[PDB]
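Structure first, commentary second.
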Amino acid sequence: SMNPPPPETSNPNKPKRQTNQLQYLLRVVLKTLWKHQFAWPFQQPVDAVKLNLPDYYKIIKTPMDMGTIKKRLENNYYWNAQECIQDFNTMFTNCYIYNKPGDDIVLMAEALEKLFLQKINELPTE
Ligand SMILES: Cc1ncc2n1-c1ccc(Cl)cc1C(c1ccccc1F)=NC2
């Protein structure tokens with residue numbers, strides 16, 4: 001029983017770019033979530049082996065985590081802000097899908113998502 005490879009943090013075939021919205025996403029949006037008290041289960045790829053979740057990667061076929069996003073932003077992996085927002089959005093949704101609606105993790109993701117939404121209200125005009 002094995003974990004999949006984590007999502008790529010670089011691809012030499014994918015065009016790279018820095019935008020003031022991607023800078024804002026790293027310096028502000030990601031710093032804000034990363035430092036949160038509820039950030040810890042989302043700072044890395046979901047370890048199905050270590051966590052005892054043999055069904056996790058049968059259900060969630062597009063995993064994403066903030067460690068992957070942070071590394072993506074640091075390597076200019078994204079072309080635009082929408083790409084990154086999407087990865088964040090995937091992360092949240094993944095959590096919503098797999099967990100029972102009253103699990104603690106679900107409440108944590110909701111707390112991080114409302115924070116996410118607040119922060120991206122001040123995303124610069126590109
Ligand atoms: C992301 C994610 N989706 C599903 C899981 N997780 C998760 C990931 C990492 C860690 Cl350290 C715990 C959990 C936890 C978890 C988090 C907080 C409280 C209890 C838990 F089982 N559950 C499995």
Side-chain angles (χ1 to χ4, degrees), residues 1-121 123-125:
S1 51
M2 34 214 101
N3 282 305
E8 61 182 29
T9 62
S10 66
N11 187 328
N13 300 312
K14 182 165 181 37
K16 295 161 135 190
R17 202 171 68 160
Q18 184 65 305
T19 70
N20 67 319
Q21 300 179 312
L22 288 165
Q23 296 181 334
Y24 189 92
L25 273 173
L26 180 54
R27 303 161 182 198
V28 175
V29 179
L30 191 42
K31 192 206 221 41
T32 281
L33 273 56
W34 191 266
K35 85 173 156 214
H36 194 286
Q37 175 171 310
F38 299 165
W40 63 270
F42 316 98
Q43 275 165 336
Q44 63 289 311
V46 175
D47 197 323
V49 196
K50 195 217 228 294
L51 296 172
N52 200 339
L53 307 171
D55 66 333
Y56 184 80
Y57 291 112
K58 305 191 183 170
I59 298 171
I60 299 317
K61 288 307 190 200
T62 326
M64 184 47 54
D65 63 277
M66 301 197 277
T68 298
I69 294 164
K70 173 184 185 291
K71 277 183 198 279
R72 279 176 182 204
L73 282 163
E74 280 160 359
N75 305 350
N76 307 125
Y77 181 81
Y78 305 109
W79 191 260
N80 64 44
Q82 200 181 128
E83 274 183 280
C84 172
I85 293 259
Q86 176 66 66
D87 283 343
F88 279 101
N89 287 335
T90 298
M91 196 186 321
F92 299 126
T93 285
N94 278 356
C95 194
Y96 297 149
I97 296 171
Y98 176 80
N99 297 285
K100 297 167 82 171
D103 284 5
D104 291 341
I105 192 68
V106 175
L107 313 185
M108 294 164 67
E110 288 183 297
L112 284 168
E113 180 179 14
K114 189 172 162 241
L115 190 40
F116 178 84
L117 289 171
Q118 308 174 26
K119 284 320 198 190
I120 69 165
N121 193 70
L123 193 65
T125 72

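Note that ligands are numbered from 1 as they come in the structure, with each ligand's atoms numbered from 1 the same way. Side-chain atoms are counted along with the backbone in the values below, which use heavy atoms only and exclude waters and symmetry mates. Numbers for residues simply follow the sequence, beginning at 1.
A 6.0 Å sphere centred on CG of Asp55 holds more than 12 heavy atoms belonging to other residues, nucleotides or ligands. In this structure, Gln82 places its CD atom where only 12 or fewer heavy-atom neighbours from other residues, nucleotides or ligands lie under 6.0 Å away.
In this structure, the side chains of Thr68 and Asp87 stay at 4.5 Å or more apart for every pair of heavy atoms. You'll find the side chain of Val106 stays beyond 4.5 Å of the side chain of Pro101, heavy atoms only. Contact annotation: the side chain of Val46 never approaches that of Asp65 to less than 4.5 Å [non-hydrogen atoms, C-beta and beyond].
For ligand 1, the atoms sitting less than 4.0 Å from at least one non-hydrogen atom of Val46 are 1 (C), 2 (C), numbered in the order shown with element in parentheses. Close approach of ligand 1 to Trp40 is summarised as follows: ligand atoms under 4.0 Å from at least one heavy atom of the residue are 11 (Cl), 17 (C). For ligand 1, the atoms lying closer than 4.0 Å to a non-hydrogen atom of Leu51 are 7 (C), 8 (C), 9 (C), 10 (C), 12 (C), 13 (C). Contact atoms of ligand 1 toward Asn99: 3 (N), 4 (C) (distance under 4.0 Å to a heavy atom of the residue). Near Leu53, the atoms of ligand 1 lying under 4.0 angstrom from a non-hydrogen atom of the residue are 23 (C).
Under a 4.0 Å N-O distance rule, the pair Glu83/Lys14 qualifies as a salt bridge. Electrostatic pairing of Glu110 and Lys114 does not count as a salt bridge here, judged by no charged N lying under 4.0 Å from a carboxylate O.
At the shortest separation from atom 20 (C) of ligand 1 among protein heavy atoms lies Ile105 CB, 4.8 Å. In this structure, the protein non-hydrogen atom closest to atom 8 (C) of ligand 1 is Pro41 O, 3.2 Å.
At least one protein heavy atom sits closer than 4.0 Å to atom 11 (Cl) of ligand 1. Protein heavy atoms all stay at least 4.0 Å away from atom 14 (C) of ligand 1.
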